$ cat start-v2.pdb   # PDB, C-alpha atoms and all ligand atoms
ATOM      1  CA  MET A   1    -112.476-131.951  19.056  1.00  0.00           C
ATOM      2  CA  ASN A   2    -113.303-128.316  18.240  1.00  0.00           C
ATOM      3  CA  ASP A   3    -110.373-127.857  15.829  1.00  0.00           C
ATOM      4  CA  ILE A   4    -112.739-128.111  12.817  1.00  0.00           C
ATOM      5  CA  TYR A   5    -114.025-124.562  13.463  1.00  0.00           C
ATOM      6  CA  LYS A   6    -110.473-123.174  13.218  1.00  0.00           C
ATOM      7  CA  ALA A   7    -109.362-125.618  10.499  1.00  0.00           C
ATOM      8  CA  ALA A   8    -112.068-124.321   8.128  1.00  0.00           C
ATOM      9  CA  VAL A   9    -111.302-120.643   8.778  1.00  0.00           C
ATOM     10  CA  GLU A  10    -107.610-121.466   8.186  1.00  0.00           C
ATOM     11  CA  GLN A  11    -108.341-122.933   4.722  1.00  0.00           C
ATOM     12  CA  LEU A  12    -111.594-121.160   3.775  1.00  0.00           C
ATOM     13  CA  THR A  13    -112.347-119.680   0.342  1.00  0.00           C
ATOM     14  CA  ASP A  14    -112.273-116.054  -0.801  1.00  0.00           C
ATOM     15  CA  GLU A  15    -116.031-116.294  -1.445  1.00  0.00           C
ATOM     16  CA  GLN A  16    -116.519-116.745   2.320  1.00  0.00           C
ATOM     17  CA  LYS A  17    -114.286-113.744   3.096  1.00  0.00           C
ATOM     18  CA  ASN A  18    -116.518-111.666   0.781  1.00  0.00           C
ATOM     19  CA  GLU A  19    -119.929-113.269   1.450  1.00  0.00           C
ATOM     20  CA  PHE A  20    -120.030-112.177   5.098  1.00  0.00           C
ATOM     21  CA  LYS A  21    -117.729-109.163   4.587  1.00  0.00           C
ATOM     22  CA  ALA A  22    -120.391-107.686   2.270  1.00  0.00           C
ATOM     23  CA  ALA A  23    -123.007-107.563   5.039  1.00  0.00           C
ATOM     24  CA  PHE A  24    -120.235-106.905   7.571  1.00  0.00           C
ATOM     25  CA  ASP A  25    -119.241-103.703   5.727  1.00  0.00           C
ATOM     26  CA  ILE A  26    -122.805-102.326   5.476  1.00  0.00           C
ATOM     27  CA  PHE A  27    -123.547-103.114   9.151  1.00  0.00           C
ATOM     28  CA  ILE A  28    -120.103-101.889  10.296  1.00  0.00           C
ATOM     29  CA  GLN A  29    -120.392 -98.715   8.191  1.00  0.00           C
ATOM     30  CA  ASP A  30    -121.106 -96.243  11.003  1.00  0.00           C
ATOM     31  CA  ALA A  31    -119.003 -98.332  13.438  1.00  0.00           C
ATOM     32  CA  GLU A  32    -115.265 -97.924  14.042  1.00  0.00           C
ATOM     33  CA  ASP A  33    -114.495-101.032  16.121  1.00  0.00           C
ATOM     34  CA  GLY A  34    -114.519-103.894  13.589  1.00  0.00           C
ATOM     35  CA  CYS A  35    -117.723-105.730  14.542  1.00  0.00           C
ATOM     36  CA  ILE A  36    -121.410-105.734  13.576  1.00  0.00           C
ATOM     37  CA  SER A  37    -124.367-105.313  15.937  1.00  0.00           C
ATOM     38  CA  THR A  38    -125.583-108.715  17.182  1.00  0.00           C
ATOM     39  CA  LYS A  39    -128.969-107.139  17.984  1.00  0.00           C
ATOM     40  CA  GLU A  40    -129.101-105.945  14.348  1.00  0.00           C
ATOM     41  CA  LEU A  41    -128.112-109.395  13.005  1.00  0.00           C
ATOM     42  CA  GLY A  42    -131.776-109.870  11.984  1.00  0.00           C
ATOM     43  CA  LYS A  43    -130.929-107.912   8.814  1.00  0.00           C
ATOM     44  CA  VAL A  44    -127.917-110.210   8.308  1.00  0.00           C
ATOM     45  CA  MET A  45    -129.803-113.501   8.568  1.00  0.00           C
ATOM     46  CA  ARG A  46    -132.422-112.163   6.130  1.00  0.00           C
ATOM     47  CA  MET A  47    -129.605-111.390   3.679  1.00  0.00           C
ATOM     48  CA  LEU A  48    -127.979-114.794   4.318  1.00  0.00           C
ATOM     49  CA  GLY A  49    -131.278-116.557   3.502  1.00  0.00           C
ATOM     50  CA  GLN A  50    -133.071-116.903   6.883  1.00  0.00           C
ATOM     51  CA  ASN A  51    -135.848-114.864   8.523  1.00  0.00           C
ATOM     52  CA  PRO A  52    -135.871-115.748  12.277  1.00  0.00           C
ATOM     53  CA  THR A  53    -137.049-113.745  15.310  1.00  0.00           C
ATOM     54  CA  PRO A  54    -135.168-111.271  17.592  1.00  0.00           C
ATOM     55  CA  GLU A  55    -135.303-113.768  20.474  1.00  0.00           C
ATOM     56  CA  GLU A  56    -134.134-116.682  18.288  1.00  0.00           C
ATOM     57  CA  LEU A  57    -131.420-114.821  16.341  1.00  0.00           C
ATOM     58  CA  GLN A  58    -129.945-113.496  19.613  1.00  0.00           C
ATOM     59  CA  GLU A  59    -129.524-117.081  20.874  1.00  0.00           C
ATOM     60  CA  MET A  60    -127.436-118.239  17.889  1.00  0.00           C
ATOM     61  CA  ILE A  61    -125.404-115.012  18.134  1.00  0.00           C
ATOM     62  CA  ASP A  62    -124.505-115.473  21.810  1.00  0.00           C
ATOM     63  CA  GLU A  63    -123.623-119.096  20.971  1.00  0.00           C
ATOM     64  CA  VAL A  64    -121.172-118.183  18.174  1.00  0.00           C
ATOM     65  CA  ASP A  65    -119.933-115.128  20.123  1.00  0.00           C
ATOM     66  CA  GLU A  66    -117.168-116.618  22.301  1.00  0.00           C
ATOM     67  CA  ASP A  67    -116.981-113.388  24.330  1.00  0.00           C
ATOM     68  CA  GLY A  68    -120.625-112.315  23.927  1.00  0.00           C
ATOM     69  CA  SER A  69    -119.837-108.600  23.671  1.00  0.00           C
ATOM     70  CA  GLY A  70    -123.066-107.939  21.714  1.00  0.00           C
ATOM     71  CA  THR A  71    -120.986-107.589  18.529  1.00  0.00           C
ATOM     72  CA  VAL A  72    -120.037-110.082  15.811  1.00  0.00           C
ATOM     73  CA  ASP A  73    -116.470-109.795  14.531  1.00  0.00           C
ATOM     74  CA  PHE A  74    -115.462-111.029  11.065  1.00  0.00           C
ATOM     75  CA  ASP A  75    -113.963-114.108  12.757  1.00  0.00           C
ATOM     76  CA  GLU A  76    -117.228-114.757  14.635  1.00  0.00           C
ATOM     77  CA  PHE A  77    -119.147-113.878  11.443  1.00  0.00           C
ATOM     78  CA  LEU A  78    -117.447-116.498   9.244  1.00  0.00           C
ATOM     79  CA  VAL A  79    -117.464-118.987  12.144  1.00  0.00           C
ATOM     80  CA  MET A  80    -121.288-118.984  12.175  1.00  0.00           C
ATOM     81  CA  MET A  81    -121.065-120.435   8.629  1.00  0.00           C
ATOM     82  CA  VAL A  82    -118.976-123.490   9.578  1.00  0.00           C
ATOM     83  CA  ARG A  83    -120.936-123.740  12.856  1.00  0.00           C
ATOM     84  CA  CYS A  84    -124.107-124.404  10.838  1.00  0.00           C
ATOM     85  CA  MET A  85    -122.416-126.768   8.359  1.00  0.00           C
ATOM     86  CA  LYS A  86    -120.660-128.847  11.033  1.00  0.00           C
ATOM     87  CA  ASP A  87    -120.824-128.752  14.842  1.00  0.00           C
ATOM     88  CA  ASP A  88    -123.063-131.577  16.116  1.00  0.00           C
ATOM     89  CA  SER A  89    -123.342-134.184  13.348  1.00  0.00           C
TER      90      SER A  89
HETATM   91 CA    CA B 101    -117.872-110.799  20.315  1.00  0.00          CA
END
$ encode --input "start-v2.pdb" --output "structure tokens"
Amino acid sequence: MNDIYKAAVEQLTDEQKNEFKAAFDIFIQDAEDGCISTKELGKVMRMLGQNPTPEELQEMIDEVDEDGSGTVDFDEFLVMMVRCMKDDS
């Protein structure tokens, strides 16, 4: 049952739409596609409250990135939140 990932994004709060959107806007400032740079997610995690490595952060990105285009969309961005809260246990 992987409906929990979509169920949360369907009834999420405005704080979530602004929490990630804040970093999303700064990272997607010079971009015109609608996605941040997965490789530059190190600056995102640090802002979120985590300071991992470039090899470790890339792993969690590819995991949340359903397509794995090397870019995190707002949908993939907010997903990472629920993915950490609930996914295994
Ligand atoms: Ca993607």
$ closest_residue --input "start-v2.pdb" --among "A:77, A:20, A:27, A:5" --to "ligand CA 101 (chain B)" --atoms "all atoms listed in the file"
A:77
$ residues_near_point --input "start-v2.pdb" --point "(-123.0, -112.2, 2.0)" --cutoff "12 Å" --atoms "all atoms listed in the file" --output "VMD selection string"
chain A and resid 14 to 27 43 to 49 74 77 to 78 81
$ residues_near_ligand --input "start-v2.pdb" --ligand "ligand CA 101 (chain B)" --cutoff "6 Å" --atoms "only C-alpha atoms and all ligand atoms" --output "PyMOL selection string"
chain A and resi 65+67-69+71-72
$ write_last_selection --input "start-v2.pdb" --atoms "C-alpha atoms" --output "short mmCIF file (atom, residue, chain, number, x, y, z; two decimals), in the coordinates of the input"
data_model
loop_
_atom_site.label_atom_id
_atom_site.label_comp_id
_atom_site.auth_asym_id
_atom_site.auth_seq_id
_atom_site.Cartn_x
_atom_site.Cartn_y
_atom_site.Cartn_z
CA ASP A 65 -119.93 -115.13 20.12
CA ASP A 67 -116.98 -113.39 24.33
CA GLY A 68 -120.62 -112.32 23.93
CA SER A 69 -119.84 -108.60 23.67
CA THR A 71 -120.99 -107.59 18.53
CA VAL A 72 -120.04 -110.08 15.81
#
$ atom_distance --input "start-v2.pdb" --atom1 "CA of residue 82 (chain A)" --atom2 "CA of residue 8 (chain A)"
7.1 Å
$ closest_residue --input "start-v2.pdb" --among "A:32, A:58, A:80, A:87" --to "residue 9 (chain A)" --atoms "only C-alpha atoms"
A:80
$ atom_distance --input "start-v2.pdb" --atom1 "CA of residue 37 (chain A)" --atom2 "CA of residue 62 (chain A)"
11.7 Å
$ residues_near_point --input "start-v2.pdb" --point "(-129.8, -114.0, 14.5)" --cutoff "9 Å" --atoms "only C-alpha atoms" --output "list in words"
residues 38, 39, 40, 41, 42, 43, 44, 45, 46, 50, 51, 52, 53, 54, 55, 56, 57, 58, 59, 60 and 61 of chain A
$ closest_residue --input "start-v2.pdb" --among "A:35, A:28, A:79, A:64" --to "residue 12 (chain A)" --atoms "all atoms listed in the file"
A:79
$ atom_distance --input "start-v2.pdb" --atom1 "CA of residue 36 (chain A)" --atom2 "CA of residue 88 (chain A)"
26.0 Å
$ axis_aligned_box --input "start-v2.pdb" --around "region 56-71 of chain A" --padding-each-side "3 Å" --output "lines of an AutoDock Vina configuration file"
center_x = -125.6
center_y = -113.3
center_z = 20.3
size_x = 23.2
size_y = 17.5
size_z = 14.0
